[PDB]
Amino acid sequence: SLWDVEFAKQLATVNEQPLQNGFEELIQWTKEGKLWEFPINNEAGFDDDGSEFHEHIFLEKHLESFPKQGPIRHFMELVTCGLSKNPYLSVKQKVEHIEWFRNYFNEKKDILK
Amino acid sequence: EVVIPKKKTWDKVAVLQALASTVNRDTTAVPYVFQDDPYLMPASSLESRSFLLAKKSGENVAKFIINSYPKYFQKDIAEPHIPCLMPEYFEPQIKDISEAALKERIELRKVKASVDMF
Amino acid sequence: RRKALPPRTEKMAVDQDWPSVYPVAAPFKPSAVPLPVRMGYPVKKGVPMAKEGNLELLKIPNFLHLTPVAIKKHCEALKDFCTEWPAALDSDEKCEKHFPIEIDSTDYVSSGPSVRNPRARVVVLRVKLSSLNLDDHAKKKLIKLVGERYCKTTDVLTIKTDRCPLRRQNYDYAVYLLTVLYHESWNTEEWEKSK
Amino acid sequence: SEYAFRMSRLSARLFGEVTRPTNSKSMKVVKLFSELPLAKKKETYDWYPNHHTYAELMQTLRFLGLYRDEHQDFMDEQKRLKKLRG
Amino acid sequence: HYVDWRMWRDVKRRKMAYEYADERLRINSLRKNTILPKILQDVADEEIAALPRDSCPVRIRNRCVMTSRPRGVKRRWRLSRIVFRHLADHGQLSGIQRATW
Amino acid sequence: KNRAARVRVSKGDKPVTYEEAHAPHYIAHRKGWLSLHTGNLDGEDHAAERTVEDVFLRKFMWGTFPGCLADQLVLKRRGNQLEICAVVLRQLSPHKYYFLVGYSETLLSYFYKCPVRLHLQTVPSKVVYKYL
Amino acid sequence: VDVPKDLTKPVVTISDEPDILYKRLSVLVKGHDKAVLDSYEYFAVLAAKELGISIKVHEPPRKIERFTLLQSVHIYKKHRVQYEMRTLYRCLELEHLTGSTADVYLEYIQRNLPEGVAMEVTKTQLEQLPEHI
RNA sequence: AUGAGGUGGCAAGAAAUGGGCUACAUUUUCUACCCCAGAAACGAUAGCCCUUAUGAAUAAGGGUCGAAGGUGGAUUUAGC
Ligand SMILES: [Mg+2]
Ligand SMILES: [Mg+2]
């Protein structure tokens with residue numbers, strides 16, 4: 001593989017030559033990818049690791065370690081609501097919020113009132 | 001019942017290849033690399049050689065400044081991260097015979113290899 | 001010391017490939033442009049500035065490239081690549097019959113290095129319930145559930161989606177929401193039977 | 001009415017928001033976790049690119065000797081004059 | 001090389017607010033919630049009180065970037081009125097006309 | 001009496017160009033904007049960043065091509081690609097001209113992580129609009 | 001005299017899956033110069049004609065925002081200076097438009113933008129019903 | 001150090017004056033509508049208490065208080 005790459009870069013250095021056309025300059029810009037991707041989806045890249053809409057919105061599975069009626073359940077339900085409403089932050093941010101809240105009230109388990 | 005045209009897939013460069021093949025070479029015009037105004041217009045082979053060599057020397061100067069002060073251009077302001085634009089790193093790490101050996105083939109020189117063999 | 005050669009005006013012929021000498025967008029380059037076009041506020045007993053030092057022609061947007069000849073060339077070139085629309089689709093009613101579920105997204109494009117902008121995420125969709133529900137109980141149930149997403153004058157139910165940053169997330173979440181909404185309007189409850 | 005209350009409950013269950021009733025001090029939580037804080041918003045995080053980078057680059061490039069900085073020439077010329085005149 | 005020490009302080013405040021923006025919002029919600037215990041509200045209050053200074057986004061100021069003028073600055077352009085007028089007169093920026101209506 | 005982007009009337013021995021001769025209330029009426037972007041329009045953003053970056057661009061290029069320019073620049077930003085247009089004099093060598101052209105273009109591209117291009121128009125002596 | 005013999009043509013592949021059907025491509029151009037907008041829309045309509053699709057034109061009104069500033073520096077409240085940002089709209093709608101036609105047309109136009117213009121696409125595509133319903 | 005950094009308060013009124021707002025009425029006040037009606041024969045954007053808005057720590061709203069005020073000192077301001 002290595003010597004194949006050396007020979008390939010040699011062949012390239014033999015290939016490349018001074019261009020003649022602004023279209024060729026654009027072809028070069030698009031070869032390195034600096035020129036934008038028409039059609040502009042505004043999302044070419046930043047895929048969020050193939051995350052899922054239900055993974056974002058439905059936090060029912062992330063909410064398992066508390067009953068259905070308590071005030072902690074109330075607060076965490078409203079938290080999941082606001083998080084699903086927020087598109088700006090991803091599943092990683094939502095789960096770190098949730099786990100920080102978990103640590104918070106698990107260290108403050110002294111009350112449970 | 002229903003007729004539907006089939007989908008096709010193109011390369012990002014293929015469209016511009018078509019656009020370029022559409023148009024022929026410019027007639028009675030110097031290469032695009034050279035400027036358009038008449039004063040800067042290179043009007044001889046030796047001077048044109050020297051001109052684009054000065055341009056290449058400026059390119060090498062740019063490489064030198066970027067690889068001498070990477071922290072200035074370290075900011076990835078552009079949304080698409082591009083290693084072609086990122087600063088270049090030929091910096092040996094701390095003494096580590098195994099990682100140093102793995103970095104040998106990355107640094108592309110001979111003094112590191114002499115020291116590693118030592 | 002050095003002296004510049006005269007411009008390309010007298011060099012360029014009357015018969016000339018303007019699309020070839022100006023393939024892409026570029027500045028005015030009066031040295032290459034043979035036209036004496038001038039632009040500038042003339043002085044009393046005076047005239048506008050000559051094309052050479054007229055930097056305002058550069059200030060203004062530029063359209064010397066892409067002549068009508070160039071447009072004809074490129075359109076009759078790309079004619080081979082463009083496809084044909086189905087002739088069976090000939091009217092709005094027939095298109096919405098063939099494919100009732102309308103969906104539309106949108107986004108801006110602006111000058112600058114960055115390209116992302118959150119407005120890319122929003123999408124909306126529409127469907128007329130006159131032909132889709134095929135029943136009356138579920139229709140009354142659904143129209144009672146939805147508060148303002150409908151409009152009976154034009155008779156189309158419309159719903160938006162922005163809760164997700166990704167366009168495809170918005171899309172498939174809207175699809176799944178419509179599916180679950182239909183499946184939940186299918187059934188009923190005792191408090192709904194008692195009204 | 002109870003019918004409309006349960007309609008709202010179902011609509012909330014479907015569209016994400018809370019079905020159970022809740023006060024404004026609690027919907028505070030919802031809208032806060034919906035809208036990001038100004039402290040983290042880009043409008044605050046990026047108020048301007050760093051004069052650190054700008055001035056350091058321009059100073060290093062002057063030391064290279066390419067950017068004839070008129071203001072700096074003025075400043076250091078008058079500095080020379082002041083240190084000559086005491 | 002910021003303009004001056006007050007700009008330096010403002011940027012330090014901005015850094016602190018950015019790097020504490022998460023926990024501040026979290027505990028502010030945990031405070032302003034009502035159904036939860038008032039003792040919890042008070043614990044969160046004293047926690048916010050013990051939080052360090054220059055960490056709030058209230059102490060920062062939308063100051064000018066060029067001349068560090070706090071007043072007379074547009075949130076959109078972020079420039080002082082004087083530098084704005086300077087650039088608008090010199091025609092540096094784009095697409096702005098004098099309102100001679 | 002207002003003093004804003006205008007030249008004081010002298011005895012008639014001051015060559016002045018179009019843009020600096022005309023007033024700043026003639027911008028849309030008898031001038032063009034030096035830059036062209038959409039941040040000023042509605043719906044866009046980053047306009048402050050656009051202004052800062054183009055001011056720094058103009059300053060840096062004025063000072064890395066010092067003594068040759070004789071007028072303000074023309075900026076043309078079509079989506080991603082940035083285009084610069086300058087008018088300069090022909091006293092120095094094309095060697096230096098091309099060297100600094102490549103140098104500045106590479107630096108701008110590496111800094112802004114954006115495709116940049118720049119063109120220059122030669123003049124023997126700066127065009128004068130009037131003698132004021 | 002120099003006319004090339006073999007013009008290099010791109011490679012094309014017709015994938016098995018069907019192309020998407022856009023109901024309406026409604027593009028909205030915001031600009032500062034009515035003449036530039038007229039030239040741009042003339043360009044667009046001529047391209048659409050040469051490609052063989054339907055067209056329509058209409059000009060939404062001009063939107064302006066103005067705000068007042070202090071003319072002087074230190075103490076002058078009566079004497080102010082004013083400014084205005086003018087945006088001019090133009091709409092172009094194209095109906096019964098195939099997916100690949102949309103691709104080629106938007107590539108062409110997006111490469112042929114001018115500088116001082118913003119371009120807002122609204123894409124309307126019809127589709128059949130899901131399977132779970 | 002007349003530079004820099006971090007805690008605090010400072011920013012009140014025996015008083016005179018300036019610009020604006022409120023009303024001193026029945027062309028007024030309240031009620032639904034913004035104009036075919038019915039009642040009253042007014043006035044607190046000050047003070048006390050409370051709620052809410054954001055903030056880590058002034059503003060709007062509610063109850064009470066229900067006066068000065070009775071249409072202007074020469075003189076003076078703006079308006080085709
Ligand atoms: Mg005046
Ligand atoms: Mg507060």
# chains A, B, ... in the order shown; residues from 1 in each chain; ligands from 1
>>> closest_atom_pairs(of="chain A", to="chain E", cutoff="10 Å", atoms="only C-alpha atoms", output="tab-separated table")
residue	atom	partner	partner_atom	distance
A:70	CA	E:36	CA	9.8
A:71	CA	E:36	CA	6.3
A:72	CA	E:36	CA	7.8
A:74	CA	E:35	CA	8.8
A:75	CA	E:36	CA	8.1
A:79	CA	E:29	CA	9.7
A:97	CA	E:26	CA	8.5
A:100	CA	E:26	CA	9.5
A:101	CA	E:26	CA	8.8
A:108	CA	E:40	CA	9.2
A:111	CA	E:40	CA	9.2
A:112	CA	E:37	CA	9.6
A:113	CA	E:37	CA	7.6
>>> write_last_selection(atoms="C-alpha atoms", output="compact mmCIF listing (two decimals), in the first residue's frame")
# COMPACT_ATOMS: atom_id res chain seq x y z
CA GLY A 70 -43.72 12.47 42.30
CA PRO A 71 -42.50 16.06 42.02
CA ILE A 72 -39.15 14.85 40.70
CA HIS A 74 -42.99 16.38 37.35
CA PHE A 75 -39.76 18.36 37.05
CA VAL A 79 -37.24 19.02 31.48
CA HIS A 97 -28.38 17.25 31.33
CA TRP A 100 -26.37 15.73 35.88
CA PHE A 101 -29.90 15.96 37.31
CA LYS A 108 -29.55 15.11 47.59
CA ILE A 111 -34.87 14.52 51.82
CA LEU A 112 -37.28 12.65 49.51
CA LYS A 113 -40.10 14.83 50.86
>>> residues_near_ligand(ligand="ligand 2", cutoff="9 Å", atoms="only C-alpha atoms (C1' of nucleotides) and all ligand atoms", output="ChimeraX atom specification")
/H:53-55,57-58
>>> write_last_selection(atoms="C-alpha atoms (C1' of nucleotides)", output="PDB file, in the first residue's frame")
ATOM      1  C1'   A H  53     -41.773  40.013  34.717  1.00  0.00           C
ATOM      2  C1'   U H  54     -36.238  38.948  34.305  1.00  0.00           C
ATOM      3  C1'   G H  55     -32.077  38.901  37.330  1.00  0.00           C
ATOM      4  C1'   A H  57     -29.520  39.943  43.949  1.00  0.00           C
ATOM      5  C1'   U H  58     -36.487  48.481  38.873  1.00  0.00           C
TER       6        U H  58
END
>>> interface_residues(of="chain A", to="chain G", cutoff="12 Å", atoms="only C-alpha atoms", output="MDAnalysis selection string")
chainID A and resid 23 26 35:41
>>> write_last_selection(atoms="C-alpha atoms", output="mmCIF file, in the first residue's frame")
data_model
loop_
_atom_site.group_PDB
_atom_site.id
_atom_site.type_symbol
_atom_site.label_atom_id
_atom_site.label_comp_id
_atom_site.auth_asym_id
_atom_site.auth_seq_id
_atom_site.Cartn_x
_atom_site.Cartn_y
_atom_site.Cartn_z
ATOM 1 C CA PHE A 23 -14.202 26.702 -14.722
ATOM 2 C CA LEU A 26 -13.785 26.057 -9.794
ATOM 3 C CA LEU A 35 -16.637 25.513 -2.685
ATOM 4 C CA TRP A 36 -20.147 25.067 -1.315
ATOM 5 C CA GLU A 37 -22.350 22.095 -2.214
ATOM 6 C CA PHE A 38 -25.126 23.184 -4.558
ATOM 7 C CA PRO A 39 -27.984 22.413 -3.778
ATOM 8 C CA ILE A 40 -27.398 24.120 -0.414
ATOM 9 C CA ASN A 41 -29.140 21.832 2.072
#
>>> closest_atom_pairs(of="chain G", to="ligand 1", cutoff="12 Å", atoms="only C-alpha atoms and all ligand atoms", output="Markdown table")
| residue | atom | partner | partner_atom_place_in_ligand_line | distance |
| --- | --- | --- | --- | --- |
| G:70 | CA | ligand 1 | 1 (Mg) | 10.7 |
| G:71 | CA | ligand 1 | 1 (Mg) | 7.6 |
| G:72 | CA | ligand 1 | 1 (Mg) | 9.0 |
| G:76 | CA | ligand 1 | 1 (Mg) | 10.1 |
| G:77 | CA | ligand 1 | 1 (Mg) | 11.3 |
| G:78 | CA | ligand 1 | 1 (Mg) | 9.2 |
| G:79 | CA | ligand 1 | 1 (Mg) | 5.9 |
| G:80 | CA | ligand 1 | 1 (Mg) | 7.8 |
| G:81 | CA | ligand 1 | 1 (Mg) | 8.6 |
| G:82 | CA | ligand 1 | 1 (Mg) | 11.7 |
>>> write_last_selection(atoms="N, CA and C atoms", output="PDB file, in the first residue's frame")
ATOM      1  N   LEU G  70     -27.654  60.327  16.386  1.00  0.00           N
ATOM      2  CA  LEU G  70     -27.179  61.665  16.709  1.00  0.00           C
ATOM      3  C   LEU G  70     -26.177  62.132  15.661  1.00  0.00           C
ATOM      4  N   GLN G  71     -26.439  63.301  15.072  1.00  0.00           N
ATOM      5  CA  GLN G  71     -25.573  63.799  14.008  1.00  0.00           C
ATOM      6  C   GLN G  71     -24.184  64.136  14.537  1.00  0.00           C
ATOM      7  N   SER G  72     -24.107  64.744  15.718  1.00  0.00           N
ATOM      8  CA  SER G  72     -22.844  65.152  16.307  1.00  0.00           C
ATOM      9  C   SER G  72     -22.432  64.163  17.395  1.00  0.00           C
ATOM     10  N   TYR G  76     -25.843  67.277  21.195  1.00  0.00           N
ATOM     11  CA  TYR G  76     -26.742  67.814  20.173  1.00  0.00           C
ATOM     12  C   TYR G  76     -27.897  66.823  20.027  1.00  0.00           C
ATOM     13  N   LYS G  77     -29.036  67.152  20.632  1.00  0.00           N
ATOM     14  CA  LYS G  77     -30.194  66.269  20.624  1.00  0.00           C
ATOM     15  C   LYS G  77     -31.178  66.583  19.510  1.00  0.00           C
ATOM     16  N   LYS G  78     -31.269  67.845  19.089  1.00  0.00           N
ATOM     17  CA  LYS G  78     -32.184  68.204  18.011  1.00  0.00           C
ATOM     18  C   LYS G  78     -31.639  67.784  16.652  1.00  0.00           C
ATOM     19  N   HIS G  79     -30.334  67.932  16.442  1.00  0.00           N
ATOM     20  CA  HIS G  79     -29.713  67.643  15.154  1.00  0.00           C
ATOM     21  C   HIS G  79     -29.359  66.162  15.104  1.00  0.00           C
ATOM     22  N   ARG G  80     -30.056  65.419  14.251  1.00  0.00           N
ATOM     23  CA  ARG G  80     -29.858  63.988  14.094  1.00  0.00           C
ATOM     24  C   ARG G  80     -29.508  63.670  12.646  1.00  0.00           C
ATOM     25  N   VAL G  81     -29.034  62.445  12.435  1.00  0.00           N
ATOM     26  CA  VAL G  81     -28.731  61.924  11.108  1.00  0.00           C
ATOM     27  C   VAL G  81     -29.470  60.605  10.943  1.00  0.00           C
ATOM     28  N   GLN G  82     -29.987  60.366   9.741  1.00  0.00           N
ATOM     29  CA  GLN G  82     -30.856  59.232   9.480  1.00  0.00           C
ATOM     30  C   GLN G  82     -30.257  58.335   8.404  1.00  0.00           C
TER      31      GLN G  82
END
>>> closest_atom_pairs(of="chain A", to="chain D", cutoff="7 Å", atoms="only C-alpha atoms", output="CSV")
residue,atom,partner,partner_atom,distance
A:78,CA,D:30,CA,5.3
A:79,CA,D:30,CA,6.0
A:81,CA,D:17,CA,5.7
A:82,CA,D:30,CA,4.2
A:83,CA,D:33,CA,5.6
A:85,CA,D:34,CA,5.4
A:86,CA,D:34,CA,4.4
>>> select_by_dssp(residues="chain F", states="strand (DSSP E or B)", output="VMD selection string")
chain F and resid 15 to 16 69 74 to 78 81 to 89 116 to 123 130 to 131
>>> interface_residues(of="chain B", to="chain C", cutoff="9 Å", atoms="only C-alpha atoms", output="ChimeraX atom specification")
/B:2-5,18-20,22-29,36-41,43,77-80
>>> residues_around(residues="residue 82 of chain C", least_positions_apart="6", cutoff="8 Å", atoms="only C-alpha atoms (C1' of nucleotides)", output="PyMOL selection string")
chain G and resi 51+100-101+104
